[PDB]
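Below is one structure, written out as structure tokens; the observations come after it.
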Amino acid sequence: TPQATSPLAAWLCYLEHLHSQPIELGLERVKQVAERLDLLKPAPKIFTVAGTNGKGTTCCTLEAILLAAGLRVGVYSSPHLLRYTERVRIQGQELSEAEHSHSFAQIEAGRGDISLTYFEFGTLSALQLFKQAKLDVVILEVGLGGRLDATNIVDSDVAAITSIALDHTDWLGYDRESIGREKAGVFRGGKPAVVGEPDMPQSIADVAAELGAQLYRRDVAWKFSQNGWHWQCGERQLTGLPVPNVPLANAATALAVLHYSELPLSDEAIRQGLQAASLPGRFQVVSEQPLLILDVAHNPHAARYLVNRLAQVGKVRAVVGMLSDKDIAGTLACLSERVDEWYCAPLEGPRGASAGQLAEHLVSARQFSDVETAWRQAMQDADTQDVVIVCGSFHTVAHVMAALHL
Ligand SMILES: Nc1ncnc2c1ncn2[C@@H]1O[C@H](COP(=O)(O)OP(=O)(O)O)[C@@H](O)[C@H]1O
Ligand SMILES: [Mg+2]
């Protein structure tokens with residue numbers, strides 16, 4: 001068992017080898033440990049963000065505005081690209097590995113004989129890191145689902161659902177209603193429940209009513225469009241806003257969370273936040289002439305958004321790797337509406353699809369030995385007017401980031 005002075009990699013190896021399969025399903029274990037360590041109140045204001053797509057960029061938009069307003073802010077996010085330290089930002093910055101090791105050591109001591117999962121352990125450690133930082137606002141990205149996610153042990157002041165879409169091949173009972181019910185478990189009685197999904201399943205309204213949360217839906221209570229763009233909640237209008245480097249829907253969800261939070265925020269901080277907001281690997285431009293873009297899209301809903309974005313930036317060359325338990329067929333079909341040339345590569349581990357599993361869905365494609373090789377060939381092929389897009393999984397993006405030492 002590692003200690004406070006152990007390298008972070010030792011802590012991660014420890015967590016990766018945890019035998020979590022037989023432990024009791026649900027939040028009782030992690031809740032008990034959080035109580036023991038007084039971790040349930042990481043800041044006086046808490047925002048929890050669930051969704052299929054858009055959690056990270058919603059969180060980063062909240063973060064950018066609140067930081068522009070001079071507040072102390074922490075964000076917990078998952079998964080990571082290159083470094084575990086990406087998962088906890090304070091004042092917009094990653095912490096040292098040594099701070100993480102010390103925090104993990106406090107969690108290890110506090111849990112006693114209670115078993116915890118990797119993500120439970122990580123989430124409690126993030127809460128400890130936030131607590132010691134004396135923050136104004138903490139933003140929690142839900143890891144998976146909502147009702148049973150480790151982040152749902154904390155009572156949020158505003159909760160949000162960013163979108164609802166399928167994000168996995170077939171599964172028992174796995175439909176929009178089921179997906180929505182589970183996410184809505186992050187809602188709280190007497191608190192705003194912000195839904196940025198325009199095609200909202202009824203289950204979300206049902207859970208809000210069951211819990212007594214105040215539901216504020218996109219296209220019902222608030223909406224947006226579009227120099228700049230515009231946002232409205234009843235008679236409140238924010239007009240001619242800067243267009244952020246995040247999907248607009250998610251910036252709009254962020255503004256709604258901030259509006260219903262009642263935090264006092266200047267027009268200036270909102271505009272400055274919007275101009276700053278971005279996240280690595282979310283429509284990230286790495287190079288120009290040819291345009292090289294990285295995007296972690298891994299389901300059809302995300303691919304639809306990416307196609308709509310590519311349309312507004314000559315041939316499109318896609319470097320693609322995906323996980324096998326994802327809807328490969330639907331993701332590739334959607335992307336194929338805009339992609340001209342396909343560069344398929346395998347992903348590693350047991351969950352990765354082979355280049356062949358991708359190519360079998362593509363009328364014409366080339367296959368490569370790995371993502372780096374595919375990407376380098378695309379770059380070699382590209383004319384200055386071309387767009388090279390690296391997509392399909394956070395793993396595919398991460399391979400290219402590591403190759404570029406970004
Ligand atoms: N509102 C949205 N609609 C469709 N796709 C989205 C939306 N928000 C994000 N995406 C897609 O999902 C990917 C991950 O975005 P992110 O904000 O990190 O979401 P999450 O944290 O839920 O995975 C993006 O690169 C983009 O492909
Ligand atoms: Mg995320």
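Each chain in the structure tokens gets a letter, A, B, ..., in the order shown, and its residues are numbered from 1; ligands are numbered from 1 in order too.
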Around ligand 1, out to 7 Å and counting only C-alpha atoms and all ligand atoms, which residues are there? I want them as a VMD selection string. chain A and resid 51 to 58 162 to 163 247 249 to 250 281 to 283 295 to 298 301 to 306
Report as a tab-separated table the residues of range 276-340 of chain A within 9 Å of range 374-389 of chain A, each with its shortest atom pair and distance in Å (one decimal), using only C-alpha atoms, ordered by chain and increasing residue number.
residue	atom	partner	partner_atom	distance
A:283	CA	A:389	CA	8.9
A:288	CA	A:384	CA	7.9
A:289	CA	A:384	CA	4.2
A:290	CA	A:384	CA	4.3
A:291	CA	A:387	CA	4.7
A:292	CA	A:388	CA	4.8
A:293	CA	A:389	CA	4.8
A:294	CA	A:389	CA	5.9
A:295	CA	A:389	CA	7.3
A:310	CA	A:387	CA	8.3
A:313	CA	A:387	CA	8.1
A:314	CA	A:386	CA	4.7
A:315	CA	A:386	CA	4.8
A:316	CA	A:387	CA	4.8
A:317	CA	A:388	CA	4.8
A:318	CA	A:389	CA	4.8
A:319	CA	A:375	CA	5.8
A:320	CA	A:389	CA	8.3
A:339	CA	A:389	CA	9.0
Selected residues written out, N, CA, C and O atoms, as a CSV table (one decimal), in the first residue's frame:
chain,number,residue,atom,x,y,z
A,283,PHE,N,-12.8,20.0,-30.2
A,283,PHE,CA,-12.6,20.8,-31.4
A,283,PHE,C,-11.4,21.7,-31.3
A,283,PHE,O,-11.4,22.9,-31.4
A,288,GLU,N,-2.7,24.8,-38.8
A,288,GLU,CA,-3.4,25.5,-39.9
A,288,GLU,C,-2.7,25.2,-41.2
A,288,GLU,O,-1.5,25.0,-41.2
A,289,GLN,N,-3.5,25.2,-42.3
A,289,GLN,CA,-3.0,25.2,-43.6
A,289,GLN,C,-2.0,24.0,-43.8
A,289,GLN,O,-0.9,24.2,-44.2
A,290,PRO,N,-2.5,22.7,-43.6
A,290,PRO,CA,-3.8,22.3,-43.4
A,290,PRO,C,-4.3,22.4,-41.9
A,290,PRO,O,-3.5,22.3,-40.9
A,291,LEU,N,-5.6,22.5,-41.8
A,291,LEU,CA,-6.2,22.6,-40.5
A,291,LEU,C,-6.2,21.2,-39.8
A,291,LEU,O,-6.7,20.2,-40.4
A,292,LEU,N,-5.6,21.0,-38.7
A,292,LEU,CA,-5.5,19.8,-37.9
A,292,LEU,C,-6.3,20.0,-36.6
A,292,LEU,O,-6.0,20.9,-35.8
A,293,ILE,N,-7.4,19.2,-36.5
A,293,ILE,CA,-8.3,19.4,-35.4
A,293,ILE,C,-8.4,18.0,-34.6
A,293,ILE,O,-8.4,16.9,-35.2
A,294,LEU,N,-8.4,18.2,-33.3
A,294,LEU,CA,-8.6,17.0,-32.4
A,294,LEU,C,-10.0,17.1,-31.7
A,294,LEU,O,-10.3,18.1,-31.1
A,295,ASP,N,-10.7,16.0,-31.8
A,295,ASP,CA,-12.0,16.0,-31.1
A,295,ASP,C,-12.4,14.6,-30.7
A,295,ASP,O,-12.3,13.6,-31.5
A,310,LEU,N,-17.4,20.9,-38.8
A,310,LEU,CA,-16.5,20.8,-39.9
A,310,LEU,C,-17.1,21.5,-41.1
A,310,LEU,O,-16.3,22.2,-41.9
A,313,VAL,N,-15.8,25.1,-41.5
A,313,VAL,CA,-14.4,25.4,-41.6
A,313,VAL,C,-13.7,25.0,-42.9
A,313,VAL,O,-14.3,24.2,-43.7
A,314,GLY,N,-10.9,21.6,-51.3
A,314,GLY,CA,-10.5,21.1,-50.0
A,314,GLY,C,-11.2,19.9,-49.4
A,314,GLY,O,-12.5,19.9,-49.5
A,315,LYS,N,-10.5,18.9,-48.9
A,315,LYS,CA,-11.1,17.7,-48.5
A,315,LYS,C,-10.9,17.4,-46.9
A,315,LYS,O,-9.9,17.9,-46.4
A,316,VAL,N,-11.8,16.6,-46.4
A,316,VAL,CA,-11.8,16.3,-44.9
A,316,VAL,C,-11.2,14.8,-44.8
A,316,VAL,O,-11.8,13.9,-45.4
A,317,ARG,N,-10.1,14.7,-44.1
A,317,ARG,CA,-9.4,13.5,-43.9
A,317,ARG,C,-9.6,13.1,-42.4
A,317,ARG,O,-9.2,13.9,-41.5
A,318,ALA,N,-10.2,12.0,-42.1
A,318,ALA,CA,-10.5,11.6,-40.7
A,318,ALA,C,-9.5,10.5,-40.2
A,318,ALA,O,-9.4,9.5,-40.9
A,319,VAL,N,-8.9,10.7,-39.1
A,319,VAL,CA,-8.0,9.7,-38.5
A,319,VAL,C,-8.8,9.2,-37.3
A,319,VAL,O,-9.2,10.0,-36.4
A,320,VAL,N,-9.2,8.0,-37.3
A,320,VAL,CA,-10.2,7.5,-36.4
A,320,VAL,C,-9.7,6.2,-35.7
A,320,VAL,O,-9.1,5.4,-36.3
A,339,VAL,N,-16.8,13.4,-44.2
A,339,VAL,CA,-15.4,12.9,-44.4
A,339,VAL,C,-15.2,12.4,-45.8
A,339,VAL,O,-16.0,11.7,-46.4
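Listed by chain and then by rising number, the residues of range 8-89 of chain A that DSSP assigns to strand (DSSP E or B) from the backbone are residues 45, 46, 47, 48, 49, 50, 73, 74, 75, 76, 88 and 89 of chain A.
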Quick one: write out the picked residues with C-alpha atoms as a JSON list (two decimals), in the first residue's frame?
[["chain", "number", "residue", "atom", "x", "y", "z"],
["A", 45, "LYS", "CA", -21.51, 26.69, -3.60],
["A", 46, "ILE", "CA", -21.58, 23.42, -5.61],
["A", 47, "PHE", "CA", -22.59, 22.76, -9.19],
["A", 48, "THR", "CA", -22.98, 19.17, -10.43],
["A", 49, "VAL", "CA", -23.04, 18.48, -14.13],
["A", 50, "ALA", "CA", -24.39, 15.28, -15.70],
["A", 73, "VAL", "CA", -13.02, 27.72, -8.21],
["A", 74, "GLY", "CA", -12.35, 23.98, -8.37],
["A", 75, "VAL", "CA", -13.33, 21.59, -11.13],
["A", 76, "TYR", "CA", -13.37, 17.84, -10.95],
["A", 88, "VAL", "CA", -8.56, 18.34, -10.58],
["A", 89, "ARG", "CA", -8.18, 22.00, -11.48]]
Counting only C-alpha atoms, which residues of range 170-272 of chain A sit at most 12 Å from some atom of range 132-140 of chain A, and what is each one's closest atom pair with its distance in Å to one decimal, listed by chain and rising residue number, as CSV?
residue,atom,partner,partner_atom,distance
A:186,CA,A:140,CA,10.7
A:254,CA,A:139,CA,11.1
A:257,CA,A:139,CA,11.1
A:258,CA,A:137,CA,11.4
A:261,CA,A:137,CA,11.0
A:263,CA,A:137,CA,10.3
Any idea what's packed within 12 Å of residue 82 in chain A, counting only C-alpha atoms, ignoring anything in its chain fewer than 6 positions away? Could you give it as JSON, numbers by chain? {"A": [280, 281, 394, 395, 396, 397, 398, 399, 400, 401, 402, 403, 404, 405, 406]}
May I have the selected residues written with N, CA and C atoms, as a compact mmCIF listing (two decimals), in the first residue's frame?
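result-v8.txt, written as the output of this step:
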# COMPACT_ATOMS: atom_id res chain seq x y z
N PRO A 280 -8.83 21.05 -24.06
CA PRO A 280 -8.04 20.25 -24.98
C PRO A 280 -8.83 19.06 -25.49
N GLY A 281 -8.71 18.81 -26.78
CA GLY A 281 -9.37 17.67 -27.37
C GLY A 281 -10.82 17.88 -27.71
N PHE A 394 -11.38 9.44 -26.82
CA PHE A 394 -10.35 10.23 -26.16
C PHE A 394 -8.98 9.54 -26.32
N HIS A 395 -8.97 8.22 -26.53
CA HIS A 395 -7.70 7.52 -26.69
C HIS A 395 -7.01 7.91 -27.99
N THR A 396 -7.81 8.08 -29.03
CA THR A 396 -7.30 8.39 -30.38
C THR A 396 -6.66 9.76 -30.31
N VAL A 397 -7.39 10.72 -29.72
CA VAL A 397 -6.84 12.08 -29.53
C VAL A 397 -5.57 12.08 -28.69
N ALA A 398 -5.63 11.36 -27.58
CA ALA A 398 -4.50 11.29 -26.69
C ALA A 398 -3.23 10.74 -27.39
N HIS A 399 -3.37 9.73 -28.25
CA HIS A 399 -2.21 9.23 -29.00
C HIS A 399 -1.55 10.34 -29.82
N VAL A 400 -2.37 11.19 -30.43
CA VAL A 400 -1.83 12.26 -31.24
C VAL A 400 -1.27 13.33 -30.34
N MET A 401 -1.93 13.62 -29.22
CA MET A 401 -1.32 14.58 -28.27
C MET A 401 0.04 14.14 -27.76
N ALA A 402 0.16 12.86 -27.41
CA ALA A 402 1.44 12.30 -26.91
C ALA A 402 2.50 12.36 -28.02
N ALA A 403 2.10 12.08 -29.26
CA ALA A 403 3.04 12.12 -30.37
C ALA A 403 3.56 13.55 -30.58
N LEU A 404 2.69 14.53 -30.37
CA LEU A 404 3.07 15.93 -30.53
C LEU A 404 3.69 16.52 -29.29
N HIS A 405 3.67 15.77 -28.19
CA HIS A 405 4.14 16.26 -26.91
C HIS A 405 3.41 17.59 -26.59
N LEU A 406 2.09 17.59 -26.80
CA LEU A 406 1.24 18.68 -26.34
C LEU A 406 0.94 18.44 -24.86
- [ ] Find the spatial neighbours of residue 150 in chain A, counting only C-alpha atoms, within a cut-off of 8 Å - ignore same-chain residues fewer than 5 positions away - and output them as a ChimeraX atom specification.
- [x] /A:27,30,119-120,123,142-143
Long-range neighbours of range 208-224 of chain A as JSON, numbers by chain, 6 Å cut-off, only C-alpha atoms, 2 positions minimum in chain: {"A": [188, 189, 190, 191, 192, 193, 194, 195, 196, 198, 205, 206, 230, 231, 232, 233]}
With distances taken over only C-alpha atoms and all ligand atoms, the candidate from A:63, A:35, A:337, A:141 nearest ligand 2 is A:141
Practice item. Would you mind writing down, as a VMD selection string, each residue of range 272-348 of chain A that DSSP on the backbone assigns to helix (DSSP H, G or I)? Key: chain A and resid 272 to 276 300 to 310 328 to 335
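In terms of minimum interatomic distance to residue 368 in chain A, A:321 ranks closest within A:352, A:244, A:145, A:321, counting only C-alpha atoms.
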Shortest interatomic distance to residue 10 in chain A - which of A:308, A:343, A:101, A:173, counting only C-alpha atoms: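 Among A:308, A:343, A:101, A:173, it is A:101 that comes nearest to residue 10 in chain A.
The coordinates place CA of residue 331 in chain A at 21.2 Å from CA of residue 178 in chain A.
The shortest atom-to-atom distance to residue 279 in chain A, with only C-alpha atoms taken into account, belongs to A:246 out of A:238, A:246, A:371, A:207.
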Exercise for review: Determine the nearest neighbour of residue 16 in chain A from the options A:121, A:96, A:307, A:31, counting only C-alpha atoms.
Suggested key: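 Using only C-alpha atoms, residue 16 in chain A sits closest to A:121.
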Of the residues A:170, A:347, A:9, A:336, which is the one nearest to residue 364 in chain A, using only C-alpha atoms?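 Of A:170, A:347, A:9, A:336, the one nearest residue 364 in chain A, counting only C-alpha atoms, is A:336.
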From atom 1 (Mg, counted along the ligand's line) of ligand 2 to CA of residue 373 in chain A the spacing works out at 26.5 Å
